[PDB]
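Report on the following structure.
Protein chains in written order, with the deposited numbering: chain A, 4 to 35, 44 to 78, 81 to 106, 117 to 189, 193 to 227, 240 to 248, 251 to 317, 322 to 336; chain B, 4 to 35, 44 to 78, 81 to 106, 117 to 189, 193 to 227, 240 to 248, 251 to 317, 322 to 336.
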């Protein structure tokens with residue numbers, strides 16, 4: 004780190020080299044077979060059973076996360094290497120071994136052997152530097168919404184006198203396109219959506247909603265979706281559109297869990313997300333206003 | 004997920020319950044010992060050796076990451094449970120077993136058994152929702168610096184005519203306090219630092247640097265450190281100040297690696313970080333200007 008000494012360096016090839024050197028030195032020290048086979052076969056059988064136990068939970072998230082082969086290929090990692098090692102173990106090969124092996128796997132799952140080392144958690148979290156979902160949520164909450172949300176219904180009640188007699195719904199409505207393609211103009215997504223007013227006091243937009253003119257909405261896009269899209273159109277990132285969709289979904293759920301527990305943001309903003317494959325933004329927004 | 008069906012739900016207690024049920028059903032099926048002991052003792056010995064091999068790499072990051082007992086306690090996790098299991102295995106207990124065990128650990132380290140399942144990577148990354156370091160870096164790069172950095176030396180050469188004859195250094199200098207406490211005024215951190223000018227064209243600040253007046257700096261704080269600090273002063277977060285320091289260091293290194301590979305941002309901005317425990325911002329900045 005050519006900046007400051009207290010800032011740590013990324014993790015290098017330290018464990019592999021010294022580990023191989025020490026564990027080869029012990030081999031040469033003790034240099035000048045069926046227990047080995049049973050041990051490694053039991054190891055791979057336990058790892059495969061652990062993968063099946065993880066797949067038992069990941070069987071639920073099919074339609075919402077993984078859209081079969083891709084699910085198992087993502088949950089067990091590389092099952093080709095595991096199958097090849099299993100065929101080598103069975104070829105170079117006692118049914119009561121399976122009972123104690125299953126009990127060992129049950130004890131390791133329940134008692135929590137699979138709780139990782141915190142150094143491993145750090146090496147996973149600091150890898151690849153594209154884990155962009157929580158910075159956007161906390162920045163969008165602290166930097167924008169926390170400031171604008173206290174005075175919001177006050178300035179709505181300010182505006183309502185000029186439309187009730189001559193109204194505006196009380197909840198702020200945020201659009202969250204999962205395409206991550208955000209135009210500048212909200213009339214450009216639908217001609218039924220027209221600009222009506224700018225709310226006085240920074241930016242706000244009060245809209246009419248359609251010829252059945254029914255809704256008076258306070259509407260706004262979410263901001264960091266454009267940041268995700270510029271990361272997508274940044275060529276040297278190597279940031280795929282599937283990664284964009286993944287981080288968009290995680291951003292949505294994170295912002296939902298933040299607004300679920302906010303003390304001043306309980307019943308004054310509501311999130312609405314959509315995704316195109322026939323479609324209408326206006327019908328979904330009107331469903332939210334009618335259910336309001 | 005009460006928002007949209009395609010947004011996935013957090014991972015629940017699915018693996019534990021069904022795994023325990025199935026692995027107890029197999030026990031009751033096969034219901035109506045020293046191999047077990049050797050297998051589990053070999054398991055814990057291999058896990059302990061793997062922890063030592065990880066500690067061999069994590070021995071380097073003492074002064075920069077971990078400031081001994083805390084290092085091992087963070088690298089091996091809970092060694093009390095491992096020691097208790099090791100004493101149970103040795104109590105309820117062949118030196119040539121150690122050679123094959125070490126060779127098994129060497130093969131598992133080198134060939135890459137410890138490459139995790141991608142579902143495990145997802146469950147680690149989606150846990151706890153305080154991994155706030157990359158959203159801030161990419162938002163601060165795309166949203167602010169990418170726009171302001173092309174025209175920067177042009178407007179510096181615009182300004183230089185009024186001070187060379189009557193200068194301004196060419197690199198933008200960013201302060202990065204690791205305290206994450208950012209005052210509004212840069213003269214409030216040091217009376218030697220005085221406001222000289224606002225650079226015409240959004241915000242910019244050209245400063246004199248001290251009675252030995254020597255430096256003409258274009259100076260600015262980094263923005264999301266205030267976001268980190270407001271996360272620190274948010275009471276319901278449970279966000280400790282050590283977590284704040286950790287995410288600040290990771291933010292610094294991430295922004296450094298982004299600016300290392302930027303195509304238009306090669307030699308026009310330089311990062312400077314500092315940390316208080322006698323101190324001077326001005327002396328460190330002047331060292332950077334003299335080495336310039």
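A virtual CB, placed ideally from N, CA and C, is assigned to each residue, including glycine.
Could you tell me which chain A residues have their CB closer than 8 angstroms to the CB of residue i, listed as they occur along the chain?
i                     : result
residue 271 (chain B) : 161 and 165
residue 157 (chain B) : 152, 153, 154, 155 and 158
residue 126 (chain B) : 26 and 30
residue 264 (chain B) : 158 and 162
What's the call for residue i, buried or exposed, on a 16-neighbour Cβ count within 10 Å?
i                     : result
residue 214 (chain B) : exposed
residue 103 (chain A) : exposed
residue 154 (chain B) : buried
residue 117 (chain B) : exposed
residue 177 (chain B) : exposed
residue 74 (chain B)  : exposed
residue 161 (chain B) : buried
residue 128 (chain B) : buried
residue 78 (chain B)  : exposed
residue 32 (chain B)  : exposed
residue 53 (chain A)  : buried
To which residues does DSSP link residue i through a beta bridge?
i                     : result
residue 257 (chain B) : B:245
residue 311 (chain B) : B:200
residue 219 (chain A) : A:247
Does residue i have its Cβ less than 8 angstroms from a Cβ in chain A?
i                     : result
residue 62 (chain B)  : yes
residue 6 (chain B)   : yes
residue 335 (chain B) : no
residue 276 (chain B) : yes
residue 96 (chain B)  : no
residue 69 (chain B)  : yes
residue 31 (chain B)  : no
residue 10 (chain B)  : yes
residue 327 (chain B) : no
residue 22 (chain B)  : yes
residue 243 (chain B) : no
residue 171 (chain B) : no
residue 280 (chain B) : no
residue 17 (chain B)  : yes
residue 311 (chain B) : yes
residue 203 (chain B) : no
residue 138 (chain B) : yes
residue 226 (chain B) : no
When the distance is taken between beta carbons, is residue j closer than 8 angstroms to residue i?
i                     : j                     : result
residue 277 (chain A) : residue 271 (chain A) : yes
residue 98 (chain B)  : residue 55 (chain B)  : yes
residue 328 (chain A) : residue 195 (chain A) : no
residue 225 (chain B) : residue 182 (chain B) : yes
residue 245 (chain A) : residue 265 (chain A) : no
residue 125 (chain B) : residue 29 (chain A)  : yes
residue 14 (chain B)  : residue 193 (chain B) : no
residue 156 (chain B) : residue 7 (chain A)   : no
residue 219 (chain A) : residue 247 (chain A) : yes
residue 140 (chain B) : residue 90 (chain A)  : yes
residue 320 (chain B) : residue 10 (chain A)  : In the structure shown, chain B runs from 317 directly to 322, leaving residue 320 (chain B) without coordinates.
residue 5 (chain B)   : residue 12 (chain B)  : no
For residue i and chain B, any beta-carbon pair shorter than 8 angstroms?
i                     : result
residue 132 (chain A) : yes
residue 300 (chain A) : no
residue 246 (chain A) : no
residue 294 (chain A) : yes
residue 119 (chain A) : yes
residue 315 (chain A) : yes
residue 217 (chain A) : no
residue 129 (chain A) : yes
residue 75 (chain A)  : yes
residue 267 (chain A) : yes
residue 65 (chain A)  : yes
residue 322 (chain A) : no
Name the chain B residues that come within less than 8 angstroms of residue i, Cβ to Cβ?
i                     : result
residue 123 (chain A) : 46, 47 and 50
residue 149 (chain A) : 290
Give the interface partners of residue i over in chain A, defined as CB-CB distance under 7 angstroms, in chain order.
i                     : result
residue 141 (chain B) : 87 and 90
residue 72 (chain B)  : 11
residue 35 (chain B)  : Per Cβ cutoff of 7 angstroms: no residues; residue 35 (chain B) is ~12 angstroms from chain A at best.
residue 144 (chain B) : 147
Could you work out which residues of chain B lie near residue i, taking near to mean beta carbons separated by less than 7 angstroms?
i                     : result
residue 14 (chain A)  : 68
residue 297 (chain A) : 152
residue 200 (chain A) : Those do not exist, as residue 200 (chain A) stays about 11 angstroms from chain B at its closest Cβ, beyond 7 angstroms.
residue 53 (chain A)  : 50
Taking residue i as the query, report the chain B residues whose CB atoms sit under 9 angstroms from its CB, ordered along the chain.
i                     : result
residue 103 (chain A) : The contacting residues do not exist; residue 103 (chain A) stays about 18 angstroms from chain B at best.
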